[PDB]
Amino acid sequence: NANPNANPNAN
Amino acid sequence: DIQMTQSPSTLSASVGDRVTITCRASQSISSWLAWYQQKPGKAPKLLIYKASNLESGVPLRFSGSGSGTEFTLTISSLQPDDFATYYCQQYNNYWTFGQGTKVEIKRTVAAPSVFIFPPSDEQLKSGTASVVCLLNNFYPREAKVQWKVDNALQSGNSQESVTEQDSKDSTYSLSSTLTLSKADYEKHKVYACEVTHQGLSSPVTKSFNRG
Amino acid sequence: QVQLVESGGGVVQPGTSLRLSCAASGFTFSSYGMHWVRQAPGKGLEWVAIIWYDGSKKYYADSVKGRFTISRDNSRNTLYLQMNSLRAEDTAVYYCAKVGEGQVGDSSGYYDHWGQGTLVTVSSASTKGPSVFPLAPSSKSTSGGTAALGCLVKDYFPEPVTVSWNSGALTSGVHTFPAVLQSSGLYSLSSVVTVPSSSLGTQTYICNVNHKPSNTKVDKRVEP
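Protein chains in written order, with PDB author numbering: chain C, 1 to 11; chain B, 1 to 94, 96 to 212; chain A, 1 to 52, 52A, 53 to 82, 82A to 82C, 83 to 100, 100A to 100G, 101 to 213.
So this is what it looks like as C-alpha cells:
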C-alpha cells in the first residue's frame, strides 16, 4: 500500500 | 484526518513583543510540521518547515519548536510587517492545515459610536426595506448587535460585515443590515438596533419611528 | 527565482466543469511534485490534490474525490486541475504550490512556493449592476459634534465594486465595508463617512460607485 507522503520528486 | 488546532485563534500584540502561537496535532506527526504567513488578498509564504528549520531568506526573529503533537511558532520581537495570519500544516499523513491565528494590533478599549439609518424612499418604492446600523471605530472586535422591531427581537433576517483594523487608529467598524419586505416593514412602527460592547457602560440603543 | 502563475478562474454555473492551469518557471518543473490548495472567501487553507513529478501517483481531498482530476504537461511546464460537477462550496481562490525539497529522507509536502491564485466563483447569478441608496444623516444629529452618512450599494454581481467620496477628495473617516453575499446570490455593501455635524449645511456629499462588470457608474448625493 502506497504512502501518500512518499517523496514525489525526481531522484 | 489528522486535525490541527491552533491556539489562540486571535492574538493582540504590540511591536517589540515576544509572540508565541501554539499548534497541536490530534495524532503524532513526528517533525513534519510547517508554518506559513498570509496577509489579506496575498498568497501564503513559507516560514518554517520540519518544525524548526527556518526557510532561507525568512527573518531570524521567526523560530519554531516541537515534535510529536505539540508545536510552537515564536516571533522574538514583533515588527510592523508581522501583523498577519499564521497557519501550521502537517505533512506526515496527507496534508492538513490549522485554522489560522490572526496577530492583530493591541490598543486601548474604544466604545463604538452607533448610528441607525432608515431605508430610503427610493428603495421603498421598489418593495424592499434595508435598515442599517453602524458601529464606528471600536476596540476590541467583539460586539453584539440585536435588532428589535416593536421590541420583538429579530433573528435570521440580518447580515453584518466588519472592516480590518484601521491603519491610523487600529479600531474596527461594523455594519449590520436588517432586510424586510416592504409589506413587513409597514406592519411595524419602531425599529431599534441595540449594541453591547465592553467600552459601553450599558447597552446603547439607536432607533427611529418611520415618520 | 520560482514563478507560478495560475489562470482559468472566473464565474461558472453550478454543475458545469472547468480546467485551471498553473504555468511554472524558474525551476525544473518536471522534477517536482505539485499540489493544489484552495481558500474559500473568508476561510482557511484547504489541501485539494497532489501529483507526482512524473504523473504516476495522484491523491485527492475527500471533498473533491471523484469530481476533480489533477494532471500535468511537463513538456509545457504546466500543471492542471480539471474540476467537474462544480458546487457552490467549490467557490474559492485556487493556489498551485511547489513541493519543498526537504532534508534527505523527509516525509513530503510542505510548500516552498505558491502562485498568486485564481478565483473560481460558482454561481447562477447574472451580471447585474448595483442600486445605490442614501444612508441619510440623522435629523436628531448632535449639535456641533459628528454625524454619519453613507451609501448602500445593493444587489450587484459579481464582485468587486468600488466606492469613493466626492471624487476621491474625501478620505478621512471613510469606511467601505466588505460585501456580504445575500440569499439571492447577489452582493451588497455599505460605505459610510463621519463628518462635522455643522458642515451638513455647507458641504455636499456624493458617493461615486463603480461596478466594472455591469458598466455601472453612479454618483449619489446624500443629503438630510
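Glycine included, each C-beta is placed from N, C-alpha and C at the ideal position.
Extent of the continuous beta strand (DSSP E) run through residue i
| i | result |
| --- | --- |
| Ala136/A | 135–145 |
| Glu85/A | No beta strand (DSSP E) holds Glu85/A; DSSP gives it neither H nor E. |
| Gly66/B | 62–67 |
| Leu178/A | 176–185 |
| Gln90/B | 85–90 |
| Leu125/B | Note, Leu125/B: premise wrong, no beta strand (DSSP E); alpha helix (DSSP H) at 122–125. |
| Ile29/B | That residue, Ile29/B, is in no beta strand (DSSP E); it is neither H nor E in DSSP. |
| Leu135/B | 129–139 |
| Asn158/B | Looking at the DSSP string, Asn158/B is not in any beta strand (DSSP E), and its letter there is neither H nor E. |
| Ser208/B | 205–210 |
| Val104/B | 102–106 |
| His198/B | Premise fails: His198/B is in no beta strand (DSSP E) and is neither H nor E. |
| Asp101/A | 100G–103 |
| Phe118/B | 114–118 |
| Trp96/B | Segment: none, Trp96/B is in no beta strand (DSSP E) and carries neither H nor E. |
| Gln6/B | 4–7 |
| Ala13/B | 10–13 |
Within 8 Å, strictly: CB atoms of residue i and residue j
| i | j | result |
| --- | --- | --- |
| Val95/A | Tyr100G/A | yes |
| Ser174/B | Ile106/B | no |
| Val211/A | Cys140/A | yes |
| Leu47/B | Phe71/B | no |
| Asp100B/A | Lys50/B | yes |
| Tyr90/A | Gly118/A | no |
| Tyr59/A | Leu138/A | no |
| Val169/A | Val142/A | no |
| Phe166/A | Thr164/B | yes |
| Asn158/B | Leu179/B | yes |
| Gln89/B | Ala43/B | no |
| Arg66/A | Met82/A | yes |
| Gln147/B | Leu154/B | yes |
| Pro80/B | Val15/B | yes |
| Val104/B | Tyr86/B | yes |
| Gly44/A | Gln37/B | no |
| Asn76/A | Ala136/A | no |
| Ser113/A | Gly174/A | yes |
Per-residue burial, residue i [other beta carbons within 10 Å of its own, 16 or more giving buried]
| i | result |
| --- | --- |
| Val191/B | exposed |
| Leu60/B | exposed |
| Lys188/B | exposed |
| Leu124/A | buried |
| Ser182/B | exposed |
| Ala184/B | exposed |
| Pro8/C | buried |
| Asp86/A | buried |
| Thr183/A | buried |
| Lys207/B | buried |
| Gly64/B | buried |
| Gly98/A | buried |
| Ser161/A | exposed |
| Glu6/A | buried |
| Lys209/A | buried |
| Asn138/B | buried |
| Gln199/B | exposed |
| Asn5/C | buried |
Residue span of the alpha helix (DSSP H) that contains residue i, given as start and end
| i | result |
| --- | --- |
| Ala51/B | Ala51/B -> no alpha helix (DSSP H), and no H or E assigned at all. |
| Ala184/B | 183–187 |
Residue(s) in a DSSP beta bridge with residue i
| i | result |
| --- | --- |
| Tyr59/A | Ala49/A |
| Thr20/B | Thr74/B |
| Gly10/A | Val109/A |
| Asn197/A | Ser153/A, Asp208/A |
| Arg19/A | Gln81/A |
| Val150/B | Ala153/B, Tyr192/B |
| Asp72/A | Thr77/A |
| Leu189/A | Per DSSP, none; premise fails for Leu189/A. |
| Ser120/A | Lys143/A |
| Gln37/B | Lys45/B, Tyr86/B |
| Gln39/A | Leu45/A, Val89/A |
| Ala111/B | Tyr140/B |
| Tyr173/B | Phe139/B |
| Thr165/A | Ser180/A |
| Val5/A | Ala23/A |
| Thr180/B | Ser131/B |
| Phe67/A | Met82/A |
Proximal chain D residues relative to residue i, where beta-carbon distance stays under 8 Å
| i | result |
| --- | --- |
| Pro4/C | The displayed structure is made up of protein chains C, B and A, and chain D is not among them. |
- Task: Below 8 Å between beta carbons is the criterion; list the residues of the region 24–36 of chain A that meet it against any residue of chain B, in chain order.
- Result: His35
- Message: Which residues of the region 161–195 of chain B have a Cβ closer than 9 Å to any Cβ of chain A? Give them in chain order.
- Response: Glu161, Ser162, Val163, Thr164, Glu165, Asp167, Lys169, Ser174, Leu175, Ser176, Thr178, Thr180
- Got a sec: which bits of the region 45–62 of chain B sit with their beta carbon under 8 Å from any beta carbon on chain A, in order along the chain? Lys45, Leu46, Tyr49, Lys50, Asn53, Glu55
- Query: Given a limit of 7 Å on CB to CB distance, which residues of the region 129–163 of chain B reach chain A?
  - Reply: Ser131, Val133, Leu135, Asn137, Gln160, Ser162
- Message: Counting only Cβ-Cβ distances shorter than 7 Å, please list the residues of the region 115–130 of chain B near chain A, keeping chain order.
- Response: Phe116, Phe118, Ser121, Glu123, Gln124
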